[PDB]
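See structure below.
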Number of protein chains: 2
Amino acid sequence: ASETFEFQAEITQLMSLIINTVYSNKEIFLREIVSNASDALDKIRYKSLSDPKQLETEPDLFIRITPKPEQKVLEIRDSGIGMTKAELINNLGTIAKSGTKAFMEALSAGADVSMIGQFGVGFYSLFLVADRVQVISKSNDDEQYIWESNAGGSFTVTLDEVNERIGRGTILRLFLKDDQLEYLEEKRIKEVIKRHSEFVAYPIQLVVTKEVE
Amino acid sequence: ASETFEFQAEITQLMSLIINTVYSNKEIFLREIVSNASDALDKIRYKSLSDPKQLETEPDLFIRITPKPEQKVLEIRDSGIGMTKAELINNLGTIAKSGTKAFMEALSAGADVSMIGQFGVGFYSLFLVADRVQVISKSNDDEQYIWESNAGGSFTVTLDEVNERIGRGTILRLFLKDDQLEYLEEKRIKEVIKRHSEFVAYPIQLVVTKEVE
Ligand SMILES: COC1=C2C[C@@H](C)C[C@H](OC)[C@H](O)[C@@H](C)/C=C(\C)[C@H](OC(N)=O)[C@@H](OC)/C=C\C=C(/C)C(=O)NC(=CC1=O)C2=O
Ligand SMILES: COC1=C2C[C@@H](C)C[C@H](OC)[C@H](O)[C@@H](C)/C=C(\C)[C@H](OC(N)=O)[C@@H](OC)/C=C\C=C(/C)C(=O)NC(=CC1=O)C2=O
């Protein structure tokens, strides 16, 4: 059974700003995702310096992108530290974030949306291309859980009994907007990664499905 | 919680024959898989001729092959009719199969293992390349279940709360033997499909993971 939580009030305004004031350079949503994935991977690796067993739930360190064009879904998986239920609730919307108001004021004064990660709120850039998001996460210290939002004022957290097991880490599952289906394409993905994600210490894999001809 | 079932006694001998008398032309295991997938897809499509709603749990008709080299696993998914719990128990080992004994006698007299599907027992050819198998299946008339065997005299059936949801159909998950890892390779898979699976009415997709370079 899901629990429902209410977003802290400036997070709700930030999301509705991102959905509705919008327009240009939406592709930076993937740079923010990859940069969060890389932060999560840095954390497990640093953690494991003095607790090597932490690594054993998923020994390989990677970022993987899987288009699912039939569901209009883009998934980005990392094998980073992952998040517990309580981390999903606290850190993904119930507690105020330090740069939320400041980024909104920056935006209104003319700042590029691209600055969003410098405000510590770049996760919310995913609503540029998606009207719905699931974050499926598995921390070594908890069970697998699904966080879900349609950017509507509330989110749900649900013990995961429906998705593949990740050994450890997170899957970001974007239900893309009908106008943003270009991010389902191999060539577009590669261009965006090569443009804004050149210096990443982890391998970035792309999963492509082709017909045997 | 899993239930355990015992294999009918000639199925156990067939499996241990396949594991141990062996040697040559192991690649026909994929022709048998694809041919079963195609039979399952024919059945849903025929069924839907007079009950079109059956199709709506998974509108696309396909066979998909996904190597997972890090787990030494080959998955083959179809969106065919799927099987209920009771069909997995009955049809995947507890009840005697008509050609089991006859195929064993044919084999001993010198028959090519390749004849196995002409005896109606070709599912068991997967133990040529795998020491363990899961069949994860979702029929419109039941929940998702996992059947599992290590070819040891018994199998388990378990309500699925750990794998991705299939809308409808089956995933064959092969834990390949260390000597049979060639079936993890894109080029080998394609050769085997092109050789023995030329006339298939459904698209066969291959899922390939590559590093963004
Ligand atoms: C310092 O780390 C970062 C923080 C502080 C805090 C949340 C860290 C978090 O604590 C529980 C974990 O330490 C860390 C492993 C999890 C992230 C990197 C997640 O990424 C994935 N792939 O796990 C990302 O997932 C949706 C979650 C929230 C982001 C908020 C809404 C924001 O937008 N920006 C941030 C980007 C960051 O790099 C941020 O606030
Ligand atoms: C006539 O159909 C076939 C039968 C008769 C009977 C089992 C049919 C089954 O009834 C419940 C469903 O109608 C059908 C949709 C399911 C299969 C095609 C499955 O394939 C997948 N992809 O679903 C395959 O899965 C592991 C299962 C068992 C095979 C036994 C051990 C054997 O080896 N060979 C057979 C190959 C066949 O084509 C066989 O006995």
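Computed from heavy atoms alone, side chains included, the values below leave out hydrogens, waters and symmetry copies. Every chain is numbered from 1 and lettered A, B, ... according to where its sequence line falls, protein lines coming before strand lines.
A:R64 has no carboxylate O lying under 4.0 Å from a charged side-chain N of A:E75, or vice versa, which leaves the two without a salt bridge. Salt-bridge check for B:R195 with B:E191: passed, with a basic side-chain N closer than 4.0 Å to an acidic carboxylate O. A salt bridge is absent between A:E182 and A:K26: the closest approach of a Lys/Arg side-chain nitrogen to an acidic carboxylate oxygen does not fall below 4.0 angstrom. The existence of a salt bridge linking B:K43 and B:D39 is confirmed by a sub-4.0 Å separation between a basic side-chain nitrogen and an acidic carboxylate oxygen. A salt bridge between B:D160 and B:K138 is absent, with no side-chain N of the basic residue lying under 4.0 Å from a carboxylate O of the acidic one. Of the charged side-chain nitrogens involved, at least one lies within less than 4.0 Å of a carboxylate oxygen, so that A:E164 and A:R77 count as a salt-bridged pair. One finds a salt bridge joining A:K85 and A:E3 here, because a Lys/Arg side-chain nitrogen approaches an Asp/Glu carboxylate oxygen to under 4.0 Å. In this structure, B:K194 does not pair ionically with B:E198, as no charged nitrogen and carboxylate oxygen lie closer than 4.0 Å. Salt bridge status for B:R188 with B:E27: present, with a side-chain N to carboxylate O gap under 4.0 Å.
By the 30° and 60° cut-offs, the orientation of the rings of A:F7 relative to A:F155 is tilted. Classification of the A:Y124-A:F127 ring pair by plane angle, with boundaries at 30° and 60°, yields parallel.
Summarising the geometry of B:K177 relative to B:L128, their closest heavy-atom pair is NZ-O, 3.3 Å, with the distance given to 0.1 Å. For A:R165 against A:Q144, the heavy-atom pair with the smallest separation is CA-OE1, 3.7 Å. Minimum interatomic distance between B:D112 and B:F103 (heavy atoms only, all atoms of both residues): O-CE1, 4.3 Å. Minimum heavy-atom separation, B:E56 to B:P59: O-CD, 3.8 Å. Residue B:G82 comes nearest to B:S139 through the heavy atom pair C-CB, 4.0 Å, listed as atom of the first residue, atom of the second, then distance. The minimum heavy-atom distance linking A:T57 with A:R168 is given by the pair OG1-NH1, 3.3 Å.
Contact of the A:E87 side chain with the A:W147 side chain is not registered, since no non-hydrogen atoms from C-beta on lie closer than 4.5 Å. Under the 4.5 Å side-chain criterion, counting only non-hydrogen atoms from C-beta, B:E143 is in contact with B:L159. Two residues are said to be in side-chain contact when any heavy atoms from C-beta on lie closer than 4.5 Å; A:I33 and A:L174 meet this criterion. Residues B:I44 and B:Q54 meet the side-chain proximity criterion, which asks for heavy atoms closer than 4.5 Å. For the pair A:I116 and A:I28, the minimum side-chain heavy-atom distance is below 4.5 Å. The closest side-chain heavy-atom distance from B:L206 to B:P67 is below 4.5 Å. Using a 4.5 Å heavy-atom threshold, the side chains of B:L30 and B:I76 count as touching. The shortest distance between side-chain heavy atoms of B:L88 and B:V135 falls below 4.5 Å.
Of the possible donor and acceptor atoms, one in the side chain of A:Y202 sits under 3.5 Å from a partner among the backbone N and O of A:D42. Between the B:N20 side chain and the B:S16 main chain, a donor and an acceptor come within less than 3.5 Å of each other. For A:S48 (side chain) and A:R45 (main-chain N/O), a donor-acceptor pair under 3.5 Å exists by modelled atom type. B:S108 places a side-chain N or O within 3.5 Å of a backbone atom of B:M104 that can act as its donor or acceptor partner. The main-chain N or O of A:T4 is never found under 3.5 Å from a side-chain atom of A:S154 such that the two would form a donor-acceptor pair. A donor-acceptor pair is defined here as one N or O able to donate and one able to accept, closer than 3.5 Å; no such pair exists between the side chain of A:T21 and the backbone of A:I18. Side chain of B:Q8 to backbone of B:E10: a donor-acceptor contact under 3.5 angstrom is found. For the pair A:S79 (side chain) and A:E58 (backbone), a donor-acceptor distance under 3.5 Å is absent.
Distance CD1/B:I11 to CZ/B:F123: 10.0 Å, rounded to 0.5 Å. Atom CG of B:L176 sits about 10.0 Å away from atom NZ of B:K72, to the nearest 0.5 Å. In this structure, B:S149 OG and B:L92 CG are separated by 9.5 Å, a value rounded to the nearest 0.5 Å. In this structure, NZ in B:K190 is found 9.0 Å from NZ in B:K187, a value given to the nearest 0.5 Å. If you take CE on A:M83 and OG on A:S137, they are separated by 4.0 Å, rounding to the nearest 0.5 Å. Annotation: the span from A:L184 atom CG to A:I65 atom CD1 amounts to 12.0 Å, rounded to 0.5 Å.
Using modelled atom types and a 3.5 Å distance limit, the side chains of A:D78 and A:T170 yield no donor-acceptor pair. No side-chain donor from either of B:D141 and B:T84 sits under 3.5 Å from a side-chain acceptor of the other. For the residue pair A:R173/A:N163, the side-chain donor-acceptor check at 3.5 Å is satisfied. One side chain, A:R31 or A:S114, offers a donor N or O that lies under 3.5 Å from an acceptor on the other. For the residue pair B:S2 / B:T156, no side-chain donor-acceptor distance below 3.5 Å is found, with atom types taken as modelled.
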Would you sort out whether B:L74 and B:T66 count as a side chain to side chain contact (heavy atoms under 4.5 Å, CB included), showing the intermediate values? CA-CA 6 Å; B:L74 184 67; B:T66 312; over 6 Å; no
Evaluation steps, side chain to side chain contact (heavy atoms under 4.5 Å, CB included), between B:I95 and B:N91: CA-CA 7 Å; B:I95 303 188; B:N91 287 111; over 6 Å; no
Test ring-ring contact (aromatic ring centres under 6.0 Å, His included) applied to A:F29 and A:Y183, step by step: CA-CA 10 Å; A:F29 87 94; A:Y183 301 109; 5.1 Å; yes
One pair to check against side chain to side chain contact (heavy atoms under 4.5 Å, CB included): A:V113 and A:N25. What are the steps and the verdict? CA-CA 8 Å; A:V113 191; A:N25 198 35; over 6 Å; no
For salt bridge (charged side-chain N to carboxylate O under 4.0 Å, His left out), just list the numbers for B:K101 and B:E105, CA-CA rounded to whole Å, side-chain angles, deciding distance to a tenth of an Å, and then say yes or no. CA-CA 6 Å; B:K101 290 186 140 174; B:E105 303 181 351; over 6 Å; no
Side chain to side chain contact (heavy atoms under 4.5 Å, CB included) between A:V208 and B:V207: does it pass, once the steps are laid out? CA-CA 6 Å; A:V208 183; B:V207 179; over 6 Å; no
